[PDB]
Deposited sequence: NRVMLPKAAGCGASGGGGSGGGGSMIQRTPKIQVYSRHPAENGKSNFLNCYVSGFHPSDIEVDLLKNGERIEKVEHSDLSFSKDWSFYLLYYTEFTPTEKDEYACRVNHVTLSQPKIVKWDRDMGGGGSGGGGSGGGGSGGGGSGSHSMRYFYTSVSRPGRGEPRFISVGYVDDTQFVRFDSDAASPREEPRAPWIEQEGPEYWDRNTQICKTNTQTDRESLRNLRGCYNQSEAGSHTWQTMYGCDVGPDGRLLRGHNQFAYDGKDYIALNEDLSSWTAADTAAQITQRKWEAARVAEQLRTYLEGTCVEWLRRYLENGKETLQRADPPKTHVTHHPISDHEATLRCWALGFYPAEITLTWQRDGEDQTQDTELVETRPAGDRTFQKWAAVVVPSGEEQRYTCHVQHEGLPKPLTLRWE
């Protein structure tokens, strides 16, 4: 259940804008077997700003009826989206993903090369679109790595919408209240965007991004472990509530003006009341109503593959599949010693069925594959797994 958020203050500097080009992964939900129905995924992550174009291709032809996830972002404020389609692969039918973004000068194509504690978070993204109407407002709510609501200001009838089966039982006063909070926050974000543009002497002709996150973490007993509330402008920290839930950290002079305004208005006190009360209380409720899924950890299915590169070298890839929640640690060791330097780690990616996937790769002198073991830490495993190349 949401909280009404404060407005950034109107007012030095000209600002600064972070741009991040998308990381792209194309993969199937399950290990692909010709003739068996499956899902083809294109996961784009780590990008900023949020406008992006993603197509799935089948033998170079764009696939129609591709669906995608609701816009959300990671702790560094960068965005991620999953695009996916049901399909049946063959041995020569070809699939790929084509991505365009402001950071690219031509569309980028990557082919399908088949070779305890809990948290609640709400994420908000507002993006102005000068000359093209009001800002786009999208907000999603998560319990751990399970999305349970979305609000999109561009929907035909913008409303808080259920996205997990255990939230559907909430009554109409719940949907009414949270829809109202979203609609109000839409307008608050519009004012924040206006005030921020003024603070940095920025033109009304340019697009800017205002992101908000808040939420709470609880232990196994249900007590509040900590609360969060952070804001970002154009992809960088702007102001954040400190862990004491009583003071702010402001990134620059303009944010200090917001800090002084929110101190005078006792915003931190209102957020503390929410985080210690409503937030933890509803999270505890959701965990009980969704216990069959939210409180079941799925351990990873793991295996190691061998990929020869040269005579004197080869790549070992350690795979983890079908795990929930997304938090996982994969580490390669040589004679038990972590190979921090030479390991390649991809971003953890959704399979599309609530579970997640990840791999870790290390380059090895051929003939010495046996001195290397992969080391998997996950909440669903009583203690770490170790695997060797067999």
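Visitor: Could you name the stretches of the deposited sequence that have no C-alpha atoms in this structure?
Guide: Comparing the full sequence with the modelled residues, the uncovered ranges come out as 12-19, 124-144.
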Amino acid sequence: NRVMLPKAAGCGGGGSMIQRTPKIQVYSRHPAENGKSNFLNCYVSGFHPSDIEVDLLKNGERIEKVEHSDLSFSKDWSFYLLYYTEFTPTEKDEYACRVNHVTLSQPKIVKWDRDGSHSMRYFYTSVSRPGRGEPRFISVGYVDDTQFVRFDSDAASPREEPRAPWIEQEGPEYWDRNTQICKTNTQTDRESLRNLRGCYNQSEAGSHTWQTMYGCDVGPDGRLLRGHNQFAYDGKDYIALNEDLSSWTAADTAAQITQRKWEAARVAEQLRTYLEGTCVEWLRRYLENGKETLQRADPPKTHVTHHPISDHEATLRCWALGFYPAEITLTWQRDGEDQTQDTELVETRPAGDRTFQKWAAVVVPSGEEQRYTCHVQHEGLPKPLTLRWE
From here on, numbers count along this sequence of modelled residues.
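Visitor: Averaging CA B factors per stretch from the PDB record, which one is higher: 136-144 or 96-104?
Guide: The stretch with the larger mean CA B-factor is 96-104.
Visitor: Given the B-factors recorded for C-alpha atoms, which segment has the greater mean, 126-134 or 152-160?
Guide: In the deposited entry, the stretch with the higher C-alpha B-factor mean is 152-160.
Visitor: Report the option among 54, 364, 328, 26 whose CA atom has the maximum B-factor in the deposited record.
Guide: That would be 364, according to the entry.
Visitor: Considering only 68, 334, 48, 358, which residue's Cα atom bears the greatest B-factor as recorded?
Guide: That would be 334, according to the entry.
Visitor: Relative to the other modelled residues of the same chain, rank the CA B-factor of residue 385 and answer lowest, middle or highest third.
Guide: CA B-factor rank for residue 385: highest third.
Visitor: Could you say whether, by C-alpha temperature factor, residue 75 belongs to the lowest, middle or highest third of its chain?
Guide: Answer is lowest: the recorded C-alpha B-factor places it there.
Visitor: Should residue 262 be placed in the lowest, middle or highest third of its chain by the C-alpha B factor in the entry?
Guide: Answer is middle: the recorded C-alpha B-factor places it there.
Visitor: Could you say whether, by C-alpha temperature factor, residue 371 belongs to the lowest, middle or highest third of its chain?
Guide: Within its chain, residue 371 is a highest-third residue by C-alpha B-factor, going by the deposited values.
Visitor: Quick one: classify residue 89 as lowest, middle or highest third of the chain based on its Cα B-factor.
Guide: Highest third of the chain for residue 89's C-alpha B-factor.
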